[PDB]
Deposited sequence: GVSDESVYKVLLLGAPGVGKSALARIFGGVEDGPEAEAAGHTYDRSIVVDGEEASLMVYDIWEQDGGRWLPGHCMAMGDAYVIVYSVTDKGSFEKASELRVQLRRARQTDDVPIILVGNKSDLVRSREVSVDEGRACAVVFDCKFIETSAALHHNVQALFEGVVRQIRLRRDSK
């Protein structure tokens, strides 16, 4: 299967950092990955014309930075905007988990946001490559489920 995934979020949260790691780069990315014994190719659009960007993907990844409370609030704005434009899979991502001292958003607040959105939540660190692979395999699983 071939899927389009759009990365949404406030500037500076790590969208491009996460896309490049997935794409294997040091825009858009493609890459086939095997999830649960089945291969799937994901086309990741790191392009966040808001209306135009929101009317495409087969899934959306809303990213905020755990060190930026404002970016977390922006995640809620994006979810509302998305509801006004599109039952497509949404994954909420709290990035920069490695910056422990500068955290501004707790893991609990992230999990609570996910309960409100009724979506999957994961925390990542583009700096350490932690949970990056898990994020995209998760997008594939959520798409198949829907």
**Asked** Which segments of the deposited sequence lack C-alpha coordinates in the modelled structure, numbering from residue 1?
**Response** 1-5, 32-40, 63-69, 108-110, 171-174
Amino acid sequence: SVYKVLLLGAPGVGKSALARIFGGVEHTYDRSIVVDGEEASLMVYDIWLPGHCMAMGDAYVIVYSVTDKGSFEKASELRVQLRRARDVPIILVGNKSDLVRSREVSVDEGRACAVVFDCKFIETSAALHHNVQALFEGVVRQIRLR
From here on, numbers count along this sequence of modelled residues.
**Prompt:** Averaged over C-alpha atoms, is the B-factor higher for 106-114 or for 33-41 in this PDB entry?
**Reply:** 33-41
**Asked** Which has the higher mean CA temperature factor in the PDB entry, 90-98 or 75-83?
**Response** 75-83
**Prompt:** With respect to C-alpha B-factor, does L8 fall in the lowest, middle or highest third of the chain as deposited?
**Reply:** lowest
**Request:** Classify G14 as lowest, middle or highest third according to the C-alpha B-factor given in the PDB entry, relative to its own chain.
**Result:** lowest
**Request:** Taking the values exactly as deposited, rank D68 by C-alpha B-factor within its chain and report the matching third: lowest, middle or highest.
**Result:** middle
**Request:** Within this chain's modelled residues, let me know which third the CA B factor of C53 belongs to: lowest, middle or highest.
**Result:** highest
**Asked** Against its chain's modelled residues, does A127's Cα B factor rank lowest, middle or highest third?
**Response** lowest
